[PDB]
Each structure stands twice: as structure tokens, then as C-alpha cells.
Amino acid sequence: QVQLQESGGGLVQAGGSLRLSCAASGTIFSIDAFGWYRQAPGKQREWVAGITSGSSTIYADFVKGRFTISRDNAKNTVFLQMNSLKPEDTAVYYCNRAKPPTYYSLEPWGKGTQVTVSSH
């Protein structure tokens, strides 16, 4: 079965940076495209970044220039590097198998990883 497991979240200072990881098992990783998504309490879930099997990338306008998605096929892992963080980036972050070019997600979700950006 497909399994998705995010890690790397925590409490970070505004303007800080951190890297999330997502291990995706149970599929043929090298032929899949992936996305990162986020959801804050009481808000709709939203897409933030996508990567093709060819390692071409695309970003939501509100993270462009700050976030970088990448992949390591040998590790079956997708990463999200998050720089210049703001309180509006606080959310649970999730990765998923995705369908380009619009990057709707395909599978039931993993548990996600909490990112909270302090306003102090």
C-alpha cells in the first residue's frame, strides 16, 4: 500500500528557516510526481509546491522565492526547504503523490508535520 510520512516540523522564529522531509513508500517512486500542501485550523487545505518525475518544479505565488521542493529517488524522499518564514506560514504540512500540471493529490493523507512560526 502507499504510505506517506512527513517529519521536520516545530516552532521556529519569524524570518527563520527549516527543512521538511516526506518519505513515500509503496509505489514506483522515480516515476511519480509529488506535491507539498498545508492546512491551518479552520481553513481550507492548499497546495504550495510541486515536482515532476523529471525534477521540474513549480510553486504557489505566496511561497515563490522562499520555498524549494526537491527529491532524492534513492531515498524515496521529497524535501521542502522553507526560508524567510512568517506567522502566516503556520500550518500542518503534508506531502502526497500528485498529478501534474495542476498537482491535485492522489492518496489518503499521512499524519503531516506541524510548523508554527512565532510572532515574537
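From 1 onward, residues are counted along the sequence shown.
As recorded in the PDB entry, 12-20 is the stretch of 12-20 and 96-104 with the greater mean C-alpha temperature factor. When the C-alpha B-factors of 83-91 and 23-31 are averaged, 23-31 comes out higher.
The PDB entry assigns residue 114 a C-alpha temperature factor belonging to the middle third of its chain's modelled residues.
Per the PDB record, residue ranking by Cα B-factor puts residue 38 in the lowest third of the chain. Residue 75 sits in the highest third of its chain by CA B factor, as recorded in the PDB entry.
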